[PDB]
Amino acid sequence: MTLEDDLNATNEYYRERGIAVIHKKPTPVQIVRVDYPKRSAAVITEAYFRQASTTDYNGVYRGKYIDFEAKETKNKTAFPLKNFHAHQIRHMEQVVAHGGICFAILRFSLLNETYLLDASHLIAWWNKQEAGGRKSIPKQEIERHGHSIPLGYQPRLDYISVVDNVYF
């Protein structure tokens, strides 16, 4: 069970219970060729994968825009920043600036530890890497600036309960 799997089930749990309306953004593709047979499915015959200009999850919760990225590592001491891309980091900056609720869910998959971290800490650590600093955020930095997410069932990853305390 990957983080993505745990998030798909969590987001569905939340939607089914009326707790929050959060979807994973569909994989982005540029469709070039398609044909349209009379009474059967349109078929894409030529399309390319594009780069996402935005993070992977968004939706609404108590009238607010929620926006996040979710990543997991096998590393035991630090979260590597290679998982993140510049476009995503710049998108997040724009969301925070406009009053969105924006964060990363970070899983240390060998320690069974999941954290919510506000985008501002992530943006900062990314800009330090840009300026030539570390290429991974120390785990104790995440524990201190982020929020442990208890992992159970219904939901598997109860991040909205963290969002409730941190942002409202």
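From 1 onward, residues are counted along the sequence shown.
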{"item": "Stretch with the higher entry mean CA B-factor, where the candidates are 130-138 and 116-124", "value": "130-138"}
{"item": "Which of 64-72 and 49-57 has higher mean CA B factor, as the PDB entry lists it", "value": "49-57"}
{"item": "Within-chain third of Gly18 by Cα B-factor, per the entry", "value": "lowest"}
{"item": "Chain-relative CA temperature factor third for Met1", "value": "highest"}
{"item": "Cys102 - Cα temperature factor, lowest/middle/highest third of chain", "value": "lowest"}
{"item": "Modelled-residue ranking by C-alpha temperature factor, third containing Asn11", "value": "lowest"}
